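Contents: one structure, followed by commentary.
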Amino acid sequence: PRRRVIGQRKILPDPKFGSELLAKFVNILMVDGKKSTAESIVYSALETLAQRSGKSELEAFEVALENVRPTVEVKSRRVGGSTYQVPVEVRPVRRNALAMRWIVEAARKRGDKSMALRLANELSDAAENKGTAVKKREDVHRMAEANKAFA
Amino acid sequence: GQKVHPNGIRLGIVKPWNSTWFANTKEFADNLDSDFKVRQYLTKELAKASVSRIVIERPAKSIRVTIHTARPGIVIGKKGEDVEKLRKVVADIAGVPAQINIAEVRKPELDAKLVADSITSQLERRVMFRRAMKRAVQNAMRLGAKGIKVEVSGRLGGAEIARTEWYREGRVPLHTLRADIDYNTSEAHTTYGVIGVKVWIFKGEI
Amino acid sequence: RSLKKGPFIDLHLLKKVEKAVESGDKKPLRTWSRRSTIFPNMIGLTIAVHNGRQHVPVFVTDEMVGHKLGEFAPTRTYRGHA
Amino acid sequence: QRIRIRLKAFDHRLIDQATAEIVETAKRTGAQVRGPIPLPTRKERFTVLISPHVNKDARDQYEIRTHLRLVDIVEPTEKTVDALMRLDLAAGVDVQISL
Amino acid sequence: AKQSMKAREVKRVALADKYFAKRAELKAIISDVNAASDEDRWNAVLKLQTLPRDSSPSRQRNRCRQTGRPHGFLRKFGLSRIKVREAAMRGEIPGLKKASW
Amino acid sequence: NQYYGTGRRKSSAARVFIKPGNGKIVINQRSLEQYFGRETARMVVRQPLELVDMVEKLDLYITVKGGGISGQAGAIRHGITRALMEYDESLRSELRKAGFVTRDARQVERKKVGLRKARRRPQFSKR
RNA sequence: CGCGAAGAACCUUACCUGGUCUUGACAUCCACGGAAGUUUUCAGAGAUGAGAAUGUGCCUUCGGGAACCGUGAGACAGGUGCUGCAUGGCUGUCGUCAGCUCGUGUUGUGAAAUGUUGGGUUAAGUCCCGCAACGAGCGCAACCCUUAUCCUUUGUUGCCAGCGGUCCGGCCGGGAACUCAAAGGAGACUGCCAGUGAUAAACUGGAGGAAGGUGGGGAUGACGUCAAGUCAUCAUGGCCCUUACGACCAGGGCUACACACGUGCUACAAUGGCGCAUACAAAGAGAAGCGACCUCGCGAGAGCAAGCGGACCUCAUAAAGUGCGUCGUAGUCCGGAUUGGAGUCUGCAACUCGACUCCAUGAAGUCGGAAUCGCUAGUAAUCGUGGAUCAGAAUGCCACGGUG
Ligand SMILES: [K+]
Ligand SMILES: [K+]
Ligand SMILES: [K+]
Ligand SMILES: [K+]
Ligand SMILES: [K+]
Ligand SMILES: [K+]
Ligand SMILES: [K+]
Ligand SMILES: [K+]
Ligand SMILES: [K+]
Ligand SMILES: [Mg+2]
Ligand SMILES: [Mg+2]
Ligand SMILES: [Mg+2]
Ligand SMILES: [Mg+2]
Ligand SMILES: [Mg+2]
Ligand SMILES: [Mg+2]
Ligand SMILES: [Mg+2]
Ligand SMILES: [Mg+2]
Ligand SMILES: [Mg+2]
Ligand SMILES: [Mg+2]
Ligand SMILES: [Mg+2]
Ligand SMILES: [Mg+2]
Ligand SMILES: [Mg+2]
Ligand SMILES: [Mg+2]
Ligand SMILES: [Mg+2]
Ligand SMILES: [Mg+2]
Ligand SMILES: [Mg+2]
Ligand SMILES: [Mg+2]
């Protein structure tokens, strides 16, 4: 990306709800181009949150999403052979992307039977501000305010 | 870098094929090789008759070979015993009967095959390559050619180290597919080895 | 392996072996045909089968019937590396 | 009856004019001519190594296209058959007739 | 060059249509269970061996027609890859132009 | 009268006939729910008849060929678009803004010599 | 370093052991004797050595001349023997990088410079201004192929909207609308509208449009560099062999195995494994070939046998996908290496050394150290299909579509 600056690419809403955010979620969960599998898994986990521990069925997702979204990041900048870890503000879309990626990768490394109920537990405890996605956020923060002097 | 063959890249665009028969994959290979044999003959017995192109065409079950030549009198001979003594053996080689026609090239200095043959014939007569090359270029350019370039390569003048020496004049746009490019190659077998000659002649676009 | 529709054996080996079982056992029968099935007909005779440079003698026991002759003459020499 | 004519060639202009020559010489004897129809062209591809030795990724790709034309005649008077069997076309066209 | 290899190959071709595609009856037919299930089929299996080691269609290497190269053969033209390229660029194989799709 | 439309996607081709005044979606002599088992294909086919709204205001007889599920669904969308554009002739302006009118011209890229895929390169290593 | 090799059981084959030949396996010329082919005979591993039968084409311008065989003596044949650092031809590479030069003029004693630098701009030595330069050439771009929209023509073997009939299958009558096929034509040009810009060249944005700024992909590789690669495709200067470094045959070997490296395939599972049911492709090949239906076999396959030189017939019922059931986190109903037994088929012949099937066996492996590779969109990832080579023998190579 030296010269050619890029616009954006379209994305469909979700059949069942009509969301772009959750359509992003299932693209990030999809593996190998198996979209049907990922739609099945994500619907199966999200209703499992809603009527087991939860609200109106789109709200129950965003409440777990907001508590893992980071507000500050670290990016590194070189001197002549030194690189400072400078804290930077994260842009909205990158906030959603980082949150979704951390949720998916925390759900992938659990020990329960299905992927739907793994996702279910992780989103449920992200709603309760514990687990490992939220602590991923907490320690990216920790490191960002450890280097607060290099702003 | 290596170049594309300038006649091959223009087949079907502006340059036609040298064989215009049809065949299924049953008789394709033998058609091809009997064409090779006839071409090898009509190369090697018309050696000093200045033949430039041999077009082979196969109607239903028999052949006709059109010989483009600069010196039609020797390939038509003394009242015409010689196209007889040629078709009697071409019908012998291709197994089917044969017919022979003879077309004249009227300016033998605007054909890459004849110019290459000329330069190799002079090189085998122990002539300085510079003089051959420059005479070819000036003779081709004084007859209306829009461009020409010749190139000789390999132990020029008996040197121990081979060299490639080329001479260009006019305009030879090898990257233009519209371009009327007449290209050909020849080899001179001297007492120090083989010397390769390539000739490009540009006559116009479309 | 081969089809059950006929085992294979050569002609010259077949005739050499029949005449050797009529005439009593003899010299190690020199052969090059490593591809021929061992038959019941030559239990007891010694066949020296070619292995590339030599003729290895084999004394046919009844356990060998059904195998090929070449199985009893190794073609490659090898005994350790270092 | 019906007579069926299949034309194969390596280029499309020669076979185009050959099909013309057929279908107007068929209307010249006053016959009904069904067609001409272009059947799908069959293109055979070849891929060759282009160095003399040890250069696996350097290759050339060629193709031969065979063009196929079909024409049916459905009202043959006796002067249509001979009138089609006397016709002179250049060497690139292979014709197959079917009674 | 190795002219002797070309001689071997042409001898195999000639001797092979000499015997087989004419006397395949010794294997294609007599092996049939409807032809024999006994000493006849055995006698045929042993007769198939006294025919020369050649004369099989399975011993032709199918070399090039001009240089005699074993490898890179193309059944469509009867030439090696080198010869089909050198002759295709010169414009001698009908209809064979460079493909780009 | 019939109002007709042709639509095409990756390798599929769909012809669409619309009649006034009934609610049948029938594709290849089958229901929509019998044909497309995936609700995303069902959603893509109902897209153009959601801005151009209906209850059961036109019935549509569709056939399709070639391609897979997504290709056929996109082809049917494009065909419905063209057919209803022949029907009204001035629903065009808002269909342009929905992206339903542009023929998606993304085709699968050819495999190239020396490459394992269209662009995937063999594993390189310095030595 | 899945490179020559687009396919080493024999052959290929160039290597080894042994058995053999010497004007020769391949070619021309000379002399003599036999027309060529036939189809059996015993020895030999085989190359090679030993009888019967036979033909007589052809004009004889009646000596024999033409095809094929045997023997003799020589010019000679033959060499995948060496030199790619003697060469031609062909190829890789920097690199599809934007450059590399020339004529005339001018400047400098001269090697040389200028032009080709400068201000902008572009993917581009692309274009515009300015300028001791003025012009030109090879490159860039365009012309070529393919893909994305529409129109015209033709309408089977391809198609089925409106019609009649039907055994409910476009299958019959029938239609020429539609998909499609393949010829021709149209379309995109910063063409249009705003703004910025040095009244510039061009940049941002908008409209219309199937497509917008090189629309996507390919072919196309400038002057030259690396004494780069190939004398084993071929061709070729010189050197070397000439009862052998040439030629024929059988068996073996190129498949060895303490190890090290490169490129791939299959896994370590639940986004999964197994069982049943059921959808949606594209592009190809086929006459010593593709081989349907039916019958037999658990299966690989076998028997019989139609159709097809092919928009008709066959290869050939796509798989991932969807629905239901089960397994429930285990070295497992994961993995399928290794080995034993029984077979099929191709082929003179599967020991060394083929592919596939059935029953049994069920290693390692639980996501991989230092480190390292590919990819910017129908791409990556994954899932099947086809082709060349080829009697048989792909996890390789070259192509095609699905999901994405
Ligand atoms: K084997
Ligand atoms: K060279
Ligand atoms: K100058
Ligand atoms: K040499
Ligand atoms: K071997
Ligand atoms: K592999
Ligand atoms: K590896
Ligand atoms: K197991
Ligand atoms: K094969
Ligand atoms: Mg073979
Ligand atoms: Mg793909
Ligand atoms: Mg490779
Ligand atoms: Mg410069
Ligand atoms: Mg300068
Ligand atoms: Mg320029
Ligand atoms: Mg200037
Ligand atoms: Mg029409
Ligand atoms: Mg260009
Ligand atoms: Mg070197
Ligand atoms: Mg070397
Ligand atoms: Mg060598
Ligand atoms: Mg051998
Ligand atoms: Mg090897
Ligand atoms: Mg495990
Ligand atoms: Mg890129
Ligand atoms: Mg797979
Ligand atoms: Mg494949």
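Every chain is numbered from 1, with letters handed out A, B, ... down the list of sequences. Basis for what follows: all heavy atoms, side chains included, without hydrogens, waters or symmetry-related copies.
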message: As a test of the definition: with a 90° window around 0 for syn, would you call G:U199 syn or anti?
response: syn
- prompt: Stacking here means centres under 5.5 Å and planes under 30°; does D:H53 stack on G:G4?
  reply: no
field: Aromatic ring of C:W32 stacked on base six-ring of G:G251, 5.5 Å, 30°
entry: no
Do the side chain of [X] and the base of [N] come within less than 3.5 angstrom through a donor-acceptor pair of N or O atoms?
X      : N      : value
E:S100 : G:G218 : yes
C:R35  : G:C351 : no
F:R15  : G:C178 : yes
F:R96  : G:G209 : yes
C:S33  : G:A250 : no
A:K35  : G:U271 : no
F:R119 : G:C375 : no
F:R106 : G:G378 : yes
F:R92  : G:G208 : no
F:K10  : G:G404 : yes

Euclidean distance for [atom1], [N] against [M] (whole angstrom):
N      : M      : atom1 : answer
G:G46  : G:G79  : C1'   : 26 Å
G:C127 : G:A98  : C1'   : 16 Å
G:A161 : G:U295 : P     : 37 Å
G:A350 : G:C304 : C1'   : 30 Å
G:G4   : G:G229 : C1'   : 11 Å
G:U71  : G:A27  : P     : 15 Å
G:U80  : G:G92  : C1'   : 24 Å
G:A316 : G:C400 : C1'   : 15 Å

- prompt: Can you say whether the rings of D:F46 and E:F77 are parallel (under 30°), tilted (30 to 60°) or perpendicular (over 60°)?
  reply: perpendicular
task: Using the six-membered ring wherever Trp is involved, compare the ring planes of C:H55 and C:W32 and label them parallel, tilted or perpendicular (cut-offs 30° and 60°).
output: perpendicular
Name the pairing partner of [N], where a pair is Watson-Crick or G-U wobble with both distances under 3.5 Å, or state none.
N      : answer
G:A300 : none
G:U385 : G:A399
G:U48  : G:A43
G:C345 : G:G354

- request: Examine G:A247: is either OP1 or OP2 under 4.0 Å from a nitrogen or oxygen in the side chain of E:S4? Give yes or no.
  value: yes
B:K3 side-chain N/O to G:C138 phosphate OP1/OP2 under 4.0 Å: no
message: If I take atom CD in residue B:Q2 and atom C1' in nucleotide G:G95, what distance separates them, rounded to the nearest angstrom?
response: 12 Å
- request: Specify the separation, in whole Å, of atom CE of E:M5 and atom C1' of G:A14.
  value: 10 Å
query: Would G:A285 and G:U314 count as a Watson-Crick or G-U wobble pair, both distances under 3.5 angstrom?
result: yes
task: Would you confirm whether G:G187 and G:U39 are paired, taking Watson-Crick (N1-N3 with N6-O4 or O6-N4) or G-U wobble (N1-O2 and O6-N3) geometry and requiring each distance to be under 3.5 angstrom?
output: no
- prompt: Using the sign of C1'-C2'-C3'-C4', would you call the sugar of G:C280 north or south?
  reply: north
- request: From the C1'-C2'-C3'-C4' angle alone, say whether G:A337 leans north (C3'-endo side) or south (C2'-endo side).
  value: north
message: Could you go through B:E160 and B:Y192, starting from their C-alpha distance and side-chain angles, then the distance that decides it, and tell me whether this counts as side chain to side chain donor-acceptor pair (under 3.5 Å)?
response: CA-CA 9 Å; B:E160 211 80 62; B:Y192 312 145; over 6 Å; no
